[PDB]
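The next block is target07.cif, given as mmCIF, C-alpha atoms.
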```
data_model
loop_
_atom_site.label_atom_id
_atom_site.label_comp_id
_atom_site.auth_asym_id
_atom_site.auth_seq_id
_atom_site.Cartn_x
_atom_site.Cartn_y
_atom_site.Cartn_z
CA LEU A 25 7.90 -3.60 -23.55
CA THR A 26 9.91 -2.99 -20.37
CA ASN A 27 11.80 0.29 -20.07
CA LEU A 28 11.27 1.33 -23.68
CA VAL A 29 12.40 4.79 -22.50
CA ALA A 30 15.10 5.13 -19.86
CA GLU A 31 14.53 7.50 -16.94
CA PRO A 32 17.04 8.96 -14.40
CA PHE A 33 16.03 6.87 -11.40
CA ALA A 34 19.67 6.33 -10.40
CA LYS A 35 20.32 10.06 -10.07
CA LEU A 36 17.11 10.44 -8.07
CA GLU A 37 18.00 7.75 -5.53
CA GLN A 38 21.58 9.00 -5.26
CA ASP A 39 20.32 12.51 -4.44
CA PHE A 40 17.96 10.87 -1.90
CA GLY A 41 20.84 8.89 -0.39
CA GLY A 42 19.24 5.47 -0.63
CA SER A 43 17.43 3.05 -2.90
CA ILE A 44 14.22 3.56 -4.86
CA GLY A 45 12.19 0.69 -6.28
CA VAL A 46 9.57 1.31 -8.95
CA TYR A 47 7.23 -0.85 -10.99
CA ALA A 48 4.55 0.69 -13.18
CA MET A 49 2.20 -1.11 -15.56
CA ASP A 50 0.17 0.35 -18.41
CA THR A 51 -2.79 -2.03 -18.31
CA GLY A 52 -3.73 -1.22 -21.91
CA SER A 53 -0.57 -2.23 -23.77
CA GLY A 54 1.20 -4.13 -21.01
CA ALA A 55 4.20 -1.79 -21.19
CA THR A 56 6.12 -1.39 -17.95
CA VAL A 57 8.68 0.78 -16.21
CA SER A 59 10.90 -1.12 -13.81
CA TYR A 60 13.75 -0.03 -11.53
CA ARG A 61 14.95 -2.26 -8.67
CA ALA A 62 11.50 -3.78 -9.07
CA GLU A 63 12.32 -7.24 -7.72
CA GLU A 64 14.22 -6.08 -4.63
CA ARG A 65 12.53 -6.37 -1.27
CA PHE A 66 11.47 -3.24 0.58
CA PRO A 67 9.61 -2.95 3.90
CA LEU A 68 5.84 -2.70 3.53
CA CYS A 69 5.30 -0.42 6.53
CA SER A 70 1.63 0.64 6.53
CA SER A 71 1.19 -0.28 2.86
CA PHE A 72 0.14 -3.78 3.95
CA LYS A 73 -3.10 -2.24 5.24
CA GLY A 74 -4.48 -1.92 1.71
CA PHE A 75 -4.02 -5.62 1.08
CA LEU A 76 -5.46 -6.29 4.55
CA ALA A 77 -8.68 -4.52 3.57
CA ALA A 78 -8.79 -6.49 0.32
CA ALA A 79 -8.43 -9.72 2.30
CA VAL A 80 -11.35 -8.68 4.52
CA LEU A 81 -13.43 -7.96 1.43
CA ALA A 82 -12.53 -11.37 0.00
CA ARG A 83 -13.68 -13.01 3.24
CA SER A 84 -16.92 -10.99 3.09
CA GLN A 85 -17.82 -12.77 -0.16
CA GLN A 86 -18.30 -15.93 1.94
CA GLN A 87 -19.53 -14.16 5.11
CA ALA A 88 -22.36 -11.84 4.08
CA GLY A 89 -22.66 -10.15 7.47
CA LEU A 90 -18.94 -9.61 8.06
CA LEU A 91 -18.62 -5.97 7.01
CA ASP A 92 -21.55 -4.90 9.20
CA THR A 93 -20.28 -6.74 12.29
CA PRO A 94 -19.71 -4.36 15.24
CA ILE A 95 -16.30 -4.70 16.91
CA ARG A 96 -15.77 -3.46 20.44
CA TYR A 97 -12.22 -3.00 21.73
CA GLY A 98 -10.50 -1.90 24.90
CA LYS A 99 -8.00 0.83 25.51
CA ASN A 100 -5.29 -1.85 25.34
CA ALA A 101 -6.05 -2.20 21.61
CA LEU A 102 -5.10 1.37 20.86
CA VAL A 103 -1.73 1.64 19.15
CA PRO A 104 0.05 4.95 18.51
CA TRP A 105 -1.42 6.57 15.38
CA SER A 106 -4.98 5.33 15.58
CA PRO A 107 -6.76 8.57 14.67
CA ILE A 108 -10.16 7.05 13.86
CA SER A 109 -10.45 4.16 16.28
CA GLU A 110 -9.51 6.36 19.24
CA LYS A 111 -12.69 8.39 18.58
CA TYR A 112 -14.88 5.26 18.76
CA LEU A 113 -13.18 3.53 21.71
CA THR A 114 -16.31 3.95 23.81
CA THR A 115 -18.69 2.77 21.07
CA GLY A 116 -16.95 0.26 18.81
CA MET A 117 -16.74 0.31 14.99
CA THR A 118 -17.92 -2.04 12.25
CA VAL A 119 -15.52 -4.24 10.28
CA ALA A 120 -16.10 -2.03 7.23
CA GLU A 121 -15.34 1.11 9.25
CA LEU A 122 -12.15 -0.45 10.62
CA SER A 123 -11.14 -1.38 7.08
CA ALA A 124 -11.77 2.13 5.79
CA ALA A 125 -9.80 3.59 8.72
CA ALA A 126 -6.88 1.25 8.09
CA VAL A 127 -6.76 2.22 4.40
CA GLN A 128 -7.63 5.91 4.55
CA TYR A 129 -5.98 7.01 7.80
CA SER A 130 -3.46 4.18 8.22
CA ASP A 131 -5.13 3.50 11.58
CA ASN A 132 -2.92 1.09 13.54
CA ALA A 133 -5.44 -0.20 16.07
CA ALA A 134 -7.85 -0.90 13.22
CA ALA A 135 -5.15 -2.77 11.34
CA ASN A 136 -4.30 -5.01 14.29
CA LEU A 137 -7.98 -5.76 14.96
CA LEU A 138 -8.46 -6.78 11.34
CA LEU A 139 -5.27 -8.85 11.32
CA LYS A 140 -6.70 -10.77 14.26
CA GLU A 141 -9.87 -11.41 12.26
CA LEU A 142 -7.78 -12.95 9.45
CA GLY A 143 -5.58 -15.15 11.62
CA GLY A 144 -2.67 -12.77 11.99
CA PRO A 145 0.26 -12.02 9.66
CA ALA A 146 0.26 -15.57 8.32
CA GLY A 147 -3.43 -15.25 7.43
CA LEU A 148 -2.82 -12.13 5.38
CA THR A 149 0.19 -13.82 3.77
CA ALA A 150 -2.05 -16.77 2.91
CA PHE A 151 -4.54 -14.44 1.21
CA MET A 152 -1.76 -12.97 -0.91
CA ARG A 153 -0.61 -16.49 -1.87
CA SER A 154 -4.19 -17.29 -2.90
CA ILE A 155 -4.09 -14.53 -5.55
CA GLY A 156 -0.73 -15.76 -6.86
CA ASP A 157 1.65 -13.44 -4.98
CA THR A 158 4.65 -15.52 -3.84
CA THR A 159 6.75 -12.52 -2.76
CA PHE A 160 4.66 -10.76 -0.11
CA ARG A 161 5.28 -11.68 3.49
CA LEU A 162 3.83 -10.22 6.65
CA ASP A 163 5.47 -11.53 9.79
CA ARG A 164 4.68 -9.11 12.64
CA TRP A 165 1.97 -6.79 13.94
CA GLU A 166 1.84 -3.02 14.36
CA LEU A 167 4.13 -1.43 15.43
CA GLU A 168 6.93 -4.03 15.42
CA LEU A 169 6.61 -4.56 11.65
CA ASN A 170 8.09 -1.08 11.04
CA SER A 171 11.68 -1.90 12.07
CA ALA A 172 12.84 -1.80 8.40
CA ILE A 173 16.16 -3.46 9.27
CA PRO A 174 18.58 -3.59 6.29
CA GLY A 175 18.59 -7.09 4.81
CA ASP A 176 15.64 -8.33 6.89
CA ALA A 177 13.01 -9.92 4.66
CA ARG A 178 10.30 -9.88 7.34
CA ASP A 179 7.33 -7.66 6.48
CA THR A 180 8.52 -6.94 2.94
CA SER A 181 7.51 -7.32 -0.65
CA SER A 182 8.81 -6.10 -4.00
CA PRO A 183 7.47 -3.16 -6.04
CA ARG A 184 6.67 -5.58 -8.84
CA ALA A 185 4.67 -7.98 -6.67
CA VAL A 186 2.84 -5.08 -5.03
CA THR A 187 1.82 -3.71 -8.44
CA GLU A 188 0.85 -7.12 -9.79
CA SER A 189 -1.31 -7.88 -6.76
CA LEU A 190 -2.83 -4.40 -6.74
CA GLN A 191 -3.81 -4.86 -10.39
CA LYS A 192 -5.45 -8.22 -9.67
CA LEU A 193 -7.47 -6.78 -6.79
CA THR A 194 -8.56 -3.42 -8.28
CA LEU A 195 -8.87 -4.24 -11.99
CA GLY A 196 -8.67 -8.03 -12.34
CA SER A 197 -10.80 -10.86 -11.02
CA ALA A 198 -9.31 -11.53 -7.57
CA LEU A 199 -12.35 -9.92 -5.91
CA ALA A 200 -15.97 -10.10 -6.97
CA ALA A 201 -17.19 -6.95 -8.68
CA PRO A 202 -18.94 -5.27 -5.71
CA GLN A 203 -15.97 -5.92 -3.43
CA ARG A 204 -13.54 -4.76 -6.12
CA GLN A 205 -15.32 -1.42 -6.40
CA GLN A 206 -15.42 -1.09 -2.60
CA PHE A 207 -11.66 -1.62 -2.46
CA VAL A 208 -11.15 0.98 -5.20
CA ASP A 209 -13.43 3.40 -3.36
CA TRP A 210 -11.48 3.01 -0.11
CA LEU A 211 -8.21 3.67 -1.95
CA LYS A 212 -9.72 6.70 -3.70
CA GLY A 213 -10.70 8.08 -0.29
CA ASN A 214 -7.22 7.81 1.18
CA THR A 215 -6.19 10.95 3.09
CA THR A 216 -2.49 10.26 3.73
CA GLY A 217 -1.06 10.30 0.19
CA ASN A 218 -1.47 13.82 -1.15
CA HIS A 219 2.29 14.44 -1.34
CA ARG A 220 3.25 11.09 -2.90
CA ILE A 221 1.98 9.48 -6.14
CA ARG A 222 -1.03 11.83 -6.13
CA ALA A 223 1.31 14.84 -6.39
CA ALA A 224 2.42 13.46 -9.78
CA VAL A 225 -1.15 12.81 -11.02
CA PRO A 226 -3.19 15.61 -12.67
CA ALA A 227 -6.20 16.74 -10.67
CA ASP A 228 -8.64 15.68 -13.43
CA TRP A 229 -7.64 11.99 -13.22
CA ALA A 230 -9.06 9.51 -10.72
CA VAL A 231 -6.59 7.86 -8.36
CA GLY A 232 -6.54 5.65 -5.31
CA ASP A 233 -3.50 4.87 -3.19
CA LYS A 234 -2.12 3.45 0.03
CA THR A 235 0.99 4.88 1.72
CA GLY A 236 3.54 3.40 4.08
CA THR A 237 6.05 5.11 6.39
CA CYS A 238 8.25 3.07 8.74
CA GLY A 239 9.87 6.00 10.58
CA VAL A 240 13.44 4.66 10.22
CA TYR A 241 15.99 3.81 7.52
CA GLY A 242 14.57 6.36 5.08
CA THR A 243 11.83 3.83 4.43
CA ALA A 244 8.51 4.94 2.94
CA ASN A 245 6.34 4.01 0.00
CA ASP A 246 3.09 4.39 -1.91
CA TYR A 247 1.15 2.33 -4.40
CA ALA A 248 -1.70 3.49 -6.58
CA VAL A 249 -4.12 2.82 -9.37
CA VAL A 250 -4.46 5.83 -11.66
CA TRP A 251 -7.12 6.39 -14.34
CA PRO A 252 -5.82 8.91 -16.91
CA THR A 254 -8.70 10.11 -19.02
CA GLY A 255 -9.07 8.54 -22.43
CA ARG A 256 -6.75 5.56 -21.89
CA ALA A 257 -6.38 2.43 -19.80
CA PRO A 258 -5.47 2.67 -16.11
CA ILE A 259 -1.92 2.57 -14.77
CA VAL A 260 -0.91 0.59 -11.68
CA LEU A 261 2.31 1.54 -9.92
CA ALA A 262 4.35 1.12 -6.77
CA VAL A 263 7.17 3.28 -5.42
CA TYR A 264 9.20 2.05 -2.43
CA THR A 265 12.24 3.59 -0.75
CA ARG A 266 14.79 2.79 1.88
CA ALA A 267 18.21 4.03 2.96
CA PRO A 268 21.21 2.59 4.79
CA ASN A 269 21.20 4.47 8.11
CA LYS A 270 18.62 4.14 10.85
CA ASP A 271 18.26 7.92 11.20
CA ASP A 272 17.97 8.59 7.45
CA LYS A 273 14.80 10.55 6.73
CA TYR A 274 12.19 9.49 4.24
CA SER A 275 11.13 11.88 1.48
CA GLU A 276 7.64 12.29 0.08
CA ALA A 277 9.03 14.48 -2.70
CA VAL A 278 11.28 11.64 -3.88
CA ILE A 279 8.28 9.32 -4.11
CA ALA A 280 6.34 11.91 -6.14
CA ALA A 281 9.36 12.47 -8.38
CA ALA A 282 9.75 8.74 -8.99
CA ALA A 283 6.06 8.49 -9.88
CA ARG A 284 6.49 11.33 -12.38
CA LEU A 285 9.41 9.49 -13.99
CA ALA A 286 7.35 6.30 -14.18
CA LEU A 287 4.48 8.06 -15.95
CA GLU A 288 6.96 9.72 -18.32
CA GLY A 289 8.58 6.35 -19.03
CA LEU A 290 5.16 4.95 -19.96
CA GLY A 291 4.44 7.87 -22.30
CA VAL A 292 1.45 8.97 -20.23
CA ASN A 293 1.16 12.73 -20.71
CA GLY A 294 0.68 14.29 -17.29
#
```
For this file, write the structure as structure tokens.
Amino acid sequence: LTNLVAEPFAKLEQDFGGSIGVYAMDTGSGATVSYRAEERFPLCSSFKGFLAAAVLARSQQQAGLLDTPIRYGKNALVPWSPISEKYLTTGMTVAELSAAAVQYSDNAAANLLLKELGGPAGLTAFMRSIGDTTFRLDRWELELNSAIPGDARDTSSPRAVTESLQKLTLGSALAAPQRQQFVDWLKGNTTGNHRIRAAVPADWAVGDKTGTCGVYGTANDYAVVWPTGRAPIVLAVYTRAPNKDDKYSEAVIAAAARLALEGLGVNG
């Protein structure tokens, strides 16, 4: 049930000047679309979705975790921290930091939450605990964005991203209240309107998390999509390119998402 219908991903990545990796899963039939799906690509900010899921998993054992107020100093601000900079003088709760990390890609929030989990190895351990043997986080923001060709640090594969996303949003990796909270944070994302969402009709529900490294044409998005009248689709679209100054393209991500939906026979 993989690639029942071929799609012109090769032409798309050649026009882009780099590599595109796609894995999309129809959770009804199990049919998939797969292109470079087991290659490693840099996570960039896309790790922040899994970070929030790891926090929610911990909150199942620590009932007061999400409500805990976190104060931080100016030294915790990282470039691109649009929410946490507004609460520097007040602090934010763990839940608010998690929402900011997911929905605004807030870097200071992400580093604060990484610290809560025991750093990059702690997030990696959470991903291992749900059966993901591919994901690795190695560094903190902003160093994790270097996107060096051939460097496996801070990477995963489109396939493993999709498989883990499915487990966390639709499967049993989180308890039901936490699962719906994770879905709700993804649905509220503000940074993805020109990526997978641009390929998804307005009358379908969708949640996503983006990533943009700023170098090596490296950017990505993953999403759960609920087309009306059929089972949800989970998909991941990752890109990279050979030269440090190569620019990423949101349009290429949207176009790859459209091809994935077409390959699955999902009318959009």
Check your understanding: So which one's closest to residue 269 of chain A, A:290, A:172, A:102, A:283? Using only C-alpha atoms, please.
Key ->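 Between A:290, A:172, A:102, A:283, the residue approaching residue 269 of chain A most closely is A:172.
If you look at atom CA of residue 187 of chain A and atom CA of residue 50 of chain A, they are 10.9 Å away from each other.
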Would you kindly return, as a short mmCIF file (atom, residue, chain, number, x, y, z; two decimals) with C-alpha atoms, in the coordinates of the input, each protein, DNA or RNA residue with an atom no farther than 6 Å from any atom of segment 25-37 of chain A, considering all atoms listed in the file and excluding same-chain residues fewer than 5 positions away?
```
data_model
loop_
_atom_site.label_atom_id
_atom_site.label_comp_id
_atom_site.auth_asym_id
_atom_site.auth_seq_id
_atom_site.Cartn_x
_atom_site.Cartn_y
_atom_site.Cartn_z
CA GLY A 42 19.24 5.47 -0.63
CA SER A 43 17.43 3.05 -2.90
CA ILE A 44 14.22 3.56 -4.86
CA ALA A 55 4.20 -1.79 -21.19
CA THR A 56 6.12 -1.39 -17.95
CA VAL A 57 8.68 0.78 -16.21
CA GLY A 289 8.58 6.35 -19.03
#
```
Exercise for review: Choose the residue, out of A:62, A:69, A:135, A:81, that has the smallest atom-to-atom separation from residue 199 of chain A; count all atoms listed in the file.
Suggested key: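 Using all atoms listed in the file, residue 199 of chain A sits closest to A:81.
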Practice item. Identify, on the basis of all atoms listed in the file, every residue whose closest approach to segment 252-267 of chain A does not exceed 6 Å; exclude the query and any residue fewer than 5 positions from it along the same chain; express the result as a list in words. Key: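 Selected residues are residues 42, 43, 44, 45, 46, 47, 48, 49, 50, 51, 52, 183, 187, 229, 241, 242, 243, 244, 245, 246 and 247 of chain A.
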Residues just named, written with C-alpha atoms as a CSV table (one decimal), in the coordinates of the input:
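Once everything was written out, this is out_31.csv:
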```csv
chain,number,residue,atom,x,y,z
A,42,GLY,CA,19.2,5.5,-0.6
A,43,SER,CA,17.4,3.0,-2.9
A,44,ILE,CA,14.2,3.6,-4.9
A,45,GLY,CA,12.2,0.7,-6.3
A,46,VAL,CA,9.6,1.3,-9.0
A,47,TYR,CA,7.2,-0.8,-11.0
A,48,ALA,CA,4.6,0.7,-13.2
A,49,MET,CA,2.2,-1.1,-15.6
A,50,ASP,CA,0.2,0.4,-18.4
A,51,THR,CA,-2.8,-2.0,-18.3
A,52,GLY,CA,-3.7,-1.2,-21.9
A,183,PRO,CA,7.5,-3.2,-6.0
A,187,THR,CA,1.8,-3.7,-8.4
A,229,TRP,CA,-7.6,12.0,-13.2
A,241,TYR,CA,16.0,3.8,7.5
A,242,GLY,CA,14.6,6.4,5.1
A,243,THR,CA,11.8,3.8,4.4
A,244,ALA,CA,8.5,4.9,2.9
A,245,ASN,CA,6.3,4.0,0.0
A,246,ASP,CA,3.1,4.4,-1.9
A,247,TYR,CA,1.2,2.3,-4.4
```
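Going from atom CA of residue 251 of chain A over to atom CA of residue 77 of chain A, you cover 21.0 Å.
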Review point. Which residue gives the smallest distance to residue 271 of chain A among A:41, A:150, A:104, A:159, with only C-alpha atoms counted?
Key: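 For residue 271 of chain A, the nearest of the candidates is A:41.
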Point to revise | Atomic distance atom CA of residue 212 of chain A - atom CA of residue 72 of chain A, expressed in Å with one decimal | key: 16.3 Å
Exercise for review: Convert the output of the PyMOL selection byres ((chain A and resi 219) around 12) on the shown file into explicit residues, formatted as a list in words.
Suggested key: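 That selection, the PyMOL selection byres ((chain A and resi 219) around 12), comes back as residues 214, 215, 216, 217, 218, 220, 221, 222, 223, 224, 225, 233, 234, 235, 245, 246, 275, 276, 277, 278, 279, 280, 281 and 283 of chain A.
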**Study point:** Counting only C-alpha atoms, the residue of A:89, A:226, A:116, A:156 that sits nearest residue 284 of chain A
**Key:** A:226
Check your understanding: How would you write, as JSON, numbers by chain, the residues chosen by the PyMOL selection byres ((chain A and resi 73) around 10) on this structure?
Key -> {"A": [68, 69, 70, 71, 72, 74, 75, 76, 77, 78, 79, 123, 124, 125, 126, 127, 128, 130, 131, 132, 134, 135, 136, 138, 139, 148, 234, 235, 236]}
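Between residue 129 of chain A and the residues A:95, A:173, A:211, A:248, the shortest atom-to-atom distance, using only C-alpha atoms, involves A:211.
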Review point. Got a sec: who's within 10 Å of segment 83-88 of chain A, counting all atoms listed in the file, leaving out chain neighbours fewer than 5 positions off, as JSON, numbers by chain?
Key: {"A": [77, 78, 93, 119, 120, 141, 142, 151, 199, 200, 202, 203]}
Review point. So, counting all atoms listed in the file, which residue among A:228, A:154, A:291, A:145 is closest to residue 166 of chain A?
Key: A:145
Check your understanding: Any chance you could work out the residue set of the PyMOL selection byres ((chain A and resi 164) around 8) here, as a PyMOL selection string?
Key -> chain A and resi 145+162-163+165-166+168-169+178-179
